[PDB]
Amino acid sequence: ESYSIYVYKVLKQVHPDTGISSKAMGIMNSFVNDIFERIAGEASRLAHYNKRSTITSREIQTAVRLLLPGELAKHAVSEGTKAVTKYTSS
Amino acid sequence: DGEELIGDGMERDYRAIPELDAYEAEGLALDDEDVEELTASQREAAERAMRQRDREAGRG
Amino acid sequence: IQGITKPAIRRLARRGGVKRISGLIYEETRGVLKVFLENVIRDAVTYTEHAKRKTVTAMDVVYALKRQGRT
Amino acid sequence: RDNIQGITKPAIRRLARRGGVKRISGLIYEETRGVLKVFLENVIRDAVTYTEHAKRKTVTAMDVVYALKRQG
Amino acid sequence: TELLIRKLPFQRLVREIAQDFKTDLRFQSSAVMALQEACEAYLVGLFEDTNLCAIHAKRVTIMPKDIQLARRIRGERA
Amino acid sequence: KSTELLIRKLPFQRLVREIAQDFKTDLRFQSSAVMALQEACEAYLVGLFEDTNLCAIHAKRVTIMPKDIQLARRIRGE
Amino acid sequence: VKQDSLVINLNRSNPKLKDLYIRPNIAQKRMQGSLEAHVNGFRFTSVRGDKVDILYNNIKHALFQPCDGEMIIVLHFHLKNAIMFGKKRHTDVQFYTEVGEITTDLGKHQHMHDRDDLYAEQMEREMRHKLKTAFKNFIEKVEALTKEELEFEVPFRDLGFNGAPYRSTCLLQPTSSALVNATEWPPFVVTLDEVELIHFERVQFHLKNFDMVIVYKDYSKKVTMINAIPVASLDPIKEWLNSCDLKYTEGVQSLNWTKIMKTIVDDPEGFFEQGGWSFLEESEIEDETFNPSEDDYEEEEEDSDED
Amino acid sequence: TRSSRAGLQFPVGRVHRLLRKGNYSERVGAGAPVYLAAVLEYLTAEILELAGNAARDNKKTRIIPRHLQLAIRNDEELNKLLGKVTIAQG
């Protein structure tokens, strides 16, 4: 639905003194929905490319490295790997 | 030979007139009415059939 | 019926930096507008029809726009 | 210069013979080489990613066609 | 605000072209705004390409030939 | 399936090695992969040359020039 | 406008270089000749004998564009006063030399010898070397002869941009004290120290390019509108705008410059009496701000997907 | 509370449930939602950083649509990625 609270929290994380107008907030929701749907469609296609009946984090890493340009791809797989090594640490 | 757009005459086309810079409520859903969007399977089936008849190009 | 105001086309030309148009471009622009409108409205009405209701929402519009590459 | 500059002129003129191409000038060679390098890098990025995430080091034709149909 | 094409004629043309294919529609205000804005953006892009083509041909005047050439180079003909 | 005598295979594979050294070193290709690469490359180049000739002949000139190349790229988005 | 008569010195040998096509053409047929440096001005001659006199003090900017990266090498001259020759009055006069390109022969009668692998690009590179070496010698020799009265200028091609100021699109190249493009005749020249401010038009959400307005320090001259400059050249121009450090501002609307200059010419006092160039720089009512007290009550609904 | 185990603010479990709700594939993996929320939080944080810096150079607290436009315009890796979008006003 609306993912406004998590965006407000990361906004407080990077620049706490800032806020956001509601129009820009709905545009943020639209953008995050669109990019999530693009990467999810890419992952659903890869659920058939590599023949796996399930989707692992390698597929999401591939989708990130494909849909993104040079710097952002590596700079996002970094955060992905940090969070997955955090979840694998129980 | 042609018309002009730089010089005199541009500002007249930007005039604010209320009866034209507004919308109308014919065939418009009331804001009080609640409407639910598509499910995944519905839109996937619709777009699959749509691409098939886009190769078809029946109408025309 | 081809109801687009001519100064709207002039404003469109100005936003694109066009300088000298002829007295014939208006019909071509109306035709291309109708060309794009018919396809996008066909996609939107199909999305509304498979939703099992008769209401056209902005979400249908963005879903129709997503196919071309504009989100 | 690079290690090697690219493809030869008669290859480009045969490419032109296959298009409706008429009256080729003497500058299109270098621009063709540059745009070829740009587009080749754009596609080989995806090709090598597809081969590396297919858990192998052999780049087959299937990865190539996957990349071509993804770009669209 | 100084804006582009006025809302009412575009909405009327959209309704006419929409009733051409289906009857008895329910519209949302945001949907019509999205239609108008997306059409305006795509039209500005195509106008910019058309001006580039008319400038390439050493002419200061724009003609529909530039429109068709831009549309075909984009790949939008069928 | 007629895209053959345009491009010599030797500079093609030399250029494939020059581009493969940049991103991932020591990868291997089958011959079918190379043929598919060549087919796709010649297809895109002949399409772009068609568009370039369209733009050049649109310029009231019959000669193809780098301005037509850059115009076709910028409409295509390269 | 009058001119100065050119004088010849037979006491010593003067600079000389041939194979320069003149532009613009004196007769309607394009024509080639030779060029010599003298005591007070450049003497351009040809096989017909067209005596083109270009006075040294009459040269505002001496332009040179080389033969690497472009098929034609150009020696361009901008005059203070336009001169009449061949019944034609010209202000910018260039002389150019070509290297050689094929223009046709694409399979209708194309010989097989392109596949003979002559490797003629090495000969082309040596020809380029000979032309650029000869031009370098000519430029140093004329620097010696001029006593450093005037100075030539070579453009920044690497950090140039694509622009369409005239009816035709081209690529514009900044120089030390000018922005010029003599390749696409009619040549475009402008001097940097003569421009007060630059105004950019049609900046918005992603568009292919933009317009740009050059506003001169004087006002009886129309502002020069350069259209079709890509977004990729937006800030790089600014990287050069802070080199000579001239003021630049942006705007979205295309401006009525005819009326701007008319209002400037008729009554100059009132324009600076209102601030000067101060037209180069509610919303909450028009745009609600997100209320930081609206939240989703539903939590811990993640559920378990097991091992 | 697997979002605390993942170490990032985004709702990994909600991401997983919306992935299997879209009926993209048969099985859905245990590690994909963590990586997906990781890259989503990274991109949200980076774009919020860009928007906040634009708001600071504009001398405002809130970020409006124009701040987002000026932030992605001065980034070739978001113009070459998501320069093909449509948002003007509301």
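Computed quantities for the displayed model
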{"item": "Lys/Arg +1, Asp/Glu -1 at C-beta; chain D dipole; positive extreme among D:54, D:24, D:71", "result": "D:24"}
{"item": "As computed over chain E, the Cα convex hull volume per residue (Å³)", "result": "132"}
{"item": "Nearest-ten-degree value, helix E:29-56 long axis tilted from longest Cα axis of chain E", "result": "10"}
{"item": "Three-way shape label, chain B, alpha-carbon gyration tensor, a/c 1.5", "result": "oblate"}
{"item": "Reachable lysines, given that their alpha-carbon falls under 19 Å from the alpha-carbon of residue C:19 and they are not under 8 places away in the same chain", "result": "C:6, E:58, E:65, G:208, G:222, G:259"}
{"item": "Ellipsoid semi-axes in whole angstrom, largest first, where each is sqrt(5λ) of the Cα gyration tensor of the protein assembly as shown", "result": "53, 36, 27"}
{"item": "Relative contact order of the stretch G:209-248, pairs being alpha-carbon contacts under 8 Å that are 6 or more residues apart, as %", "result": "35"}
{"item": "MRE, 222 nm, helices only [DSSP H, n ≥ 4, -39500 (n - 2.57), over chain G, to nearest 500]", "result": "-5000 deg cm²/dmol"}
{"item": "Candidates E:46, E:35, E:25, ranked by Gaussian network fluctuation over chain E, Cα under 10 Å, top entry", "result": "E:25"}
{"item": "Sparse-neighbour loop sites [chymotrypsin sites (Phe, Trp or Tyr not before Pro); the stretch G:121-198; at most 16 other C-beta within 10 Å; DSSP]", "result": "G:156"}
{"item": "Positive minus negative residues near residue F:47 (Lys, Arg vs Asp, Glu; Cβ under 11 Å)", "result": "-1"}
{"item": "Exercise: per-residue mean of other protein chain Cβ atoms within 10 Å, H:9-19", "result": "5"}
{"item": "Shielding of D:37-47 by partner chains, average beta-carbon count, 10 Å", "result": "5"}
{"item": "Hits among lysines - C-alpha to C-alpha of residue A:51 under 25 Å, sequence gap 8 or more where chains match", "result": "D:55, D:57, D:69, F:24, H:21"}
{"item": "Whole-Å semi-axes of chain G's equivalent ellipsoid (Cα gyration tensor)", "result": "49, 32, 18"}
{"item": "Likely footprinting exposure, C:26, H:35, A:87, fewest C-beta neighbours within 10 Å first", "result": "C:26, A:87, H:35"}
{"item": "The stretch A:45-78: trypsin sites (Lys or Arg not before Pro) falling in loop per DSSP and having at most 12 other Cβ within 10 Å", "result": "A:51"}
{"item": "Distance between modelled label sites at residue G:301 and residue G:245, nm, 7 Å Cα→Cβ extension", "result": "6.1"}
{"item": "Nonlocal amide H pairs with residue G:56, under 5 Å, H built at 1.01 Å", "result": "G:41, G:42"}
{"item": "Net charge dipole size for the stretch G:1-153 [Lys, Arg +1 and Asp, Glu -1 on Cβ; Debye, nearest 20]", "result": "940"}
{"item": "Förster-model FRET efficiency, 41 Å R0, residue G:87 and residue B:3, C-beta, rounded to 0.05", "result": "0.70"}
{"item": "Relative contact order computed over chain D (Cα-Cα under 8 Å; 6+ residues apart), in percent", "result": "21"}
{"item": "Cut-off 11 Å between beta-carbons: net charge of the residues surrounding residue E:30, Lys and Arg +1, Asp and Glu -1", "result": "-3"}
{"item": "Alpha-carbon centroids, the stretch H:1-53 and the stretch G:1-57: separation in whole Å", "result": "75"}
{"item": "Fully extended contour minus Cα-Cα distance, from residue G:221 to residue G:279, at 0.36 nm per residue", "result": "18.9 nm"}
{"item": "Orientation-averaged projected area, Cα convex hull of chain A (nm²)", "result": "7.6"}
{"item": "Spin-label model distance (nm) - residue C:24 vs residue B:48, 7 Å beyond Cα toward Cβ", "result": "4.8"}
{"item": "Over the stretch H:2-82, relative contact order from alpha-carbon pairs under 8 Å, at least 6 apart, %", "result": "21"}
{"item": "Neighbour net charge for residue G:253 - beta-carbon separation under 13 angstrom, K R +1, D E -1", "result": "-2"}
{"item": "Only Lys, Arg (+1) and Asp, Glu (-1) charged, at Cβ; the protein assembly as shown dipole about Cα centre in debye", "result": "4280"}
{"item": "The stretch D:1-66-the stretch G:231-307 distance, computed between alpha-carbon centres (Å)", "result": "41"}
{"item": "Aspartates and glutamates with Cα under 15 Å of residue F:9, excluding same-chain neighbours fewer than 8 positions away", "result": "F:18, F:39, F:42"}
{"item": "Cα gyration tensor, chain H - rounded (a/c under 1.5), prolate or oblate", "result": "prolate"}
{"item": "Peptide-level mean, for B:48-58, of C-beta atoms on other protein chains within 10 Å", "result": "1"}
{"item": "Cβ-based charge dipole, the protein assembly as shown, positive-most Cα from B:10, A:11, G:169", "result": "G:169"}
{"item": "Rounded to whole Hz, the Karplus (6.51, -1.76, 1.60) HN-Hα couplings of the stretch G:196-208, x for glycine and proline", "result": "7, 9, 10, 10, 9, 10, 6, 9, 6, 3, 3, 10, 5"}
{"item": "Selected from B:34, B:21, B:13 as most flexible by GNM, with chain B as the system and alpha-carbon contacts under 10 Å", "result": "B:13"}
{"item": "Antiparallel DSSP beta bridges within the protein assembly as shown, as percent of all bridges there, nearest 5", "result": "75"}
{"item": "Furthest towards positive pole of dipole, G:271, G:83, G:240, structure part chain G, Cβ charges", "result": "G:83"}
{"item": "Fewest-first sequence of G:205, G:272 by Cβ atoms within 10 Å of each Cβ", "result": "G:272, G:205"}
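Just so you know, all these numbers are worked out from the coordinates, no wet-lab data involved. Cβ: placed from backbone, ideal geometry, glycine included. Neighbour counts: every protein chain shown.
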